[PDB]
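These notes concern the structure reproduced below.
Positions of Cβ are generated from backbone atoms using ideal geometry, with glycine treated the same way; all protein chains shown enter the neighbour counts. Each value in this text was obtained by applying a stated rule to the coordinates, not by laboratory testing.
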Number of protein chains: 2
Amino acid sequence: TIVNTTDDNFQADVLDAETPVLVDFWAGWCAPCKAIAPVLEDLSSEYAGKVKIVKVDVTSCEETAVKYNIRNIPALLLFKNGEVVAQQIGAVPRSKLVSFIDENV
Amino acid sequence: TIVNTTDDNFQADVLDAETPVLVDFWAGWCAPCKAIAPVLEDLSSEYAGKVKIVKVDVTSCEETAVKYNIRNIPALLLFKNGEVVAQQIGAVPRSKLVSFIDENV
C-alpha cells in the first residue's frame, strides 16, 4: 500500500499521520527515481504498520516540492507527527535505506 | 536570447533548426539547474549564431522530458537536424560545458 498523494491531499496523507511517513519525491523522467520503485515496494511490505510510504510526483506536485525545499530527486523525507525529521537525497542501496529507516523510527 | 519552448513548440524551436541546439531541461525547484543558469546565459552569447540554447521546464513539459529519456535534471541535450547527437546529464563546470559544445559542434 503506497499512496500517491497530491498538493491538496498531503496534509491528510502525510502531515496528519501518526505512523512515521517516508515520502518519495519522483518524476517519470527521473531514471534513478524509477529505479528505486522495486525496493520501495519491498520496504512498504517489510515495514507494514511501522512506516507508511507515500509518493509525490513532482510534475503535478511542484508546490509540494518547493514547500519542502526539495533541491534534487530522488528525495526521501521522513516525517513524524507532521515535521521532517531526516532525509536521504539521491538514490542509495537497499542496505542504506534500511539503515536510514531503522535509526529514525 | 534563450527560448523557452513547450511540448508542442519543441519541433519548431528545436527539431526544425539547422543551427545546433543545446536544450536545457530544468525545473524551478531544482538547485543544480540554478547552479548552471548563469553560465548558460554567458554561453548563449559567446556562441551566438553557432549554437542556439533553448529551455524546457519539465513541470509543464513532462511529455518532452520523458520522450527524450533525459535521466535527471539539469539535462543538456545537443540536437542537430532534429536528432540528439550528445548529452550532458547533471551540472558540470563552464570548462566542461565549453569542451562539450566544441567537441560536438
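Rounded to two decimal places and with Rh computed the Kirkwood way over Cα pairs, what is Rg over Rh for the range A:50-105?
Using Cα coordinates only, the ratio equals 0.95.
Any number yet on Rg/Rh for the protein assembly as shown, C-alpha, Kirkwood? If you can, show how the numbers build up before the last one.
Numbers: Rg = 19.2 Å, Rh = 18.4 Å.
Rg divided by Rh gives 1.04.
How many nanometers, to one decimal and shortest first, lie between the label point of B:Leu15 and those of its other copies, if labels sit 7 Å from Cα toward Cβ?
Here the equivalent label points are 4.2 nm apart from this one.
For A:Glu83, place a label point 7 Å from Cα along the Cα-to-Cβ direction in every copy; what are the distances to the other copies, in nm, shortest first?
5.7
What's the tally of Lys pairs in the range B:3-104 whose alpha-carbon atoms lie under 22 angstrom apart, where the two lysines are 8 or more places apart or on different chains?
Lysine pairs satisfying the spacing and distance rule in the range B:3-104 number 13.
Ordered shortest first, which distances in nm separate the 7 Å Cα→C-beta label point of A:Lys50 from those of the other copies?
Its label point is 5.8 nm from the equivalent points in the other copies.
Taking the rotation that carries A onto B, look along its axis and tell me which residue of A has the beta carbon nearest to it, distance in whole angstrom.
Nearest Cβ to the rotation axis, residue and whole-Å distance: A:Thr59, 3.
List the pair-distance distribution P(r) of chain B, using every Cα-Cα distance, as the percent of pairs falling in each 5 Å bin from 0 up to the bin containing the longest distance, rounded to whole percents.
2, 13, 27, 28, 20, 8, 0
As a test of the formula, what do you get for chain B when each DSSP H run with n ≥ 4 contributes -39,500 (n - 2.57) and the sum is divided by the residue count, at 222 nm and rounded to the nearest 500 deg cm²/dmol?
On the way: 3 runs with 33 residues, N = 105.
About -9500 deg cm²/dmol.
Using packing as a proxy for protection, rank B:32-38, A:17-23, A:93-99 so that the peptide with the highest average count of other Cβ atoms within 10 Å comes first.
Top of the packing list down: A:17-23, B:32-38, A:93-99.
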